[PDB]
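Student: Fold the following for me, if possible:
(one chain, ligands or ions: 1)
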Amino acid sequence: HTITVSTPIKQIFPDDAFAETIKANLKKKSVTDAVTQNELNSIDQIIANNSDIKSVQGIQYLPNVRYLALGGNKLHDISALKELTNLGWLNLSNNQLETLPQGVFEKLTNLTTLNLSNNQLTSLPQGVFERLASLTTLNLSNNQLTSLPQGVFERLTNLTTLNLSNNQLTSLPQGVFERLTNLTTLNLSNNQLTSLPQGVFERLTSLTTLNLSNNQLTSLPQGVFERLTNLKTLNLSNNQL
Ligand SMILES: [Cl-]
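Tutor: Residues are numbered from 1 along each chain as shown. I have put the structure below:
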């Protein structure tokens with residue numbers, strides 16, 4: 001969005017903590033001070049971790065923000081982020097996100113890092129990451145996921161780090177990692193996996209670290225790790241093999 005007349009920071013950003021962040025960023029004396037769209041356009045990063053922010057309403061007016069560090073707040077809604085097309089790094093770790101709108105990330109074509117760890121996500125909508133062609137890092141650890149939709153990572157061809165640890169996954173679709181040919185780190189530890197699908201890691205030729213610790217695996221398929229020629233670290237501890 002855009003403002004056509006100078007407007008008080010608190011009018012645009014209703015959350016007092018977030019308004020304070022904007023005030024500090026723009027070097028203003030008070031959150032009641034008026035700002036211009038040109039000043040809002042000058043913002044390319046917001047660092048506000050552990051700031052008790054409940055809402056980022058108003059962020060829609062910052063077209064140029066590229067780095068958004070909002071870890072450790074009280075966010076439940078991130079719909080205001082949808083049209084921030086210049087976003088490259090989004091840290092939403094440790095908030096109170098329970099669900100993700102299906103198309104909330106559809107416009108973030110420049111996003112390379114997405115940290116959604118330590119939230120309370122119970123599911124991933126099909127295609128929620130479909131347009132994140134530039135993504136290299138996806139951290140979904142410490143959530144409440146029980147299953148992954150097939151194809152949920154299929155367009156993330158440039159992904160190098162995928163952290164799915166500390167969830168409650170009880171299965172893995174067979175071709176769920178099929179397109180991640182550049183993946184170097186895959187963390188599946190602390191889940192409830194009892195078996196691994198045949199060929200589940202077949203195409204991860206760049207993989208160097210695979211963590212499957214703290215699951216409930218009783219058996220490993222024959223040659224399940226055979227095509228991982230660059231594998232350097234394989235953690236299988238605390239299972240039932
Ligand atoms: Cl981060």
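Student: Strands of this protein, start to end?
Tutor: 7-8, 34-35, 45-47, 67-69, 89-91, 113-115, 137-139, 161-163, 185-187, 209-211, 233-235 (DSSP state E).
Student: partners of the second one in the sheet?
Tutor: As defined by DSSP bridges, the strand partners of strand 34-35 come to strand 7-8 (antiparallel).
Student: again, but for the fifth one
Tutor: Looking at strand 89-91 with DSSP bridges, its partner strands are strand 67-69 (parallel), strand 113-115 (parallel).
Student: Would you convert the ones you listed into TSV that also reports distance to residue 40 and mean neighbour count?
Tutor: The way it works is simple: take the backbone N, C-alpha and C, and place the C-beta from them, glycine included. Listed next are the strands paired with strand 89-91 as TSV, based on distance: least, CB to CB, whole Å; neighbours: other CB atoms under 10 Å:
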stretch	distance to residue 40	mean neighbour count
strand 67-69	15	18
strand 113-115	24	20
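Student: remind me, longest helix of the protein?
Tutor: helix 16-25 (DSSP state H).
Student: tell me which residues of that one are tucked away?
Tutor: By 16 or more other CB atoms under 10 Å, the buried positions in helix 16-25 come out as 17, 18, 19, 20, 21, 22, 23, 25.
Student: Any chance of TSV for these, columns distance to the ion?
Tutor: As requested, the buried residues of helix 16-25 are exported to TSV (distance: CB to the ion, whole Å):
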residue	distance to the ion
17	19
18	18
19	23
20	22
21	17
22	21
23	24
25	19
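Student: now the strands of the chain in TSV, with distance to residue 131?
Tutor: Compiled in TSV, the strands of the chain are given as follows (distance: least, CB to CB, whole Å):
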stretch	distance to residue 131
strand 7-8	32
strand 34-35	31
strand 45-47	23
strand 67-69	18
strand 89-91	14
strand 113-115	12
strand 137-139	14
strand 161-163	17
strand 185-187	22
strand 209-211	27
strand 233-235	32
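Student: want to throw those strands into JSON lines with distance to the ion?
Tutor: Formatted as JSON lines, those follow (distance: least, CB to the ion, whole Å):
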{"stretch": "strand 7-8", "distance to the ion": "31"}
{"stretch": "strand 34-35", "distance to the ion": "27"}
{"stretch": "strand 45-47", "distance to the ion": "11"}
{"stretch": "strand 67-69", "distance to the ion": "7"}
{"stretch": "strand 89-91", "distance to the ion": "4"}
{"stretch": "strand 113-115", "distance to the ion": "4"}
{"stretch": "strand 137-139", "distance to the ion": "7"}
{"stretch": "strand 161-163", "distance to the ion": "11"}
{"stretch": "strand 185-187", "distance to the ion": "15"}
{"stretch": "strand 209-211", "distance to the ion": "18"}
{"stretch": "strand 233-235", "distance to the ion": "22"}
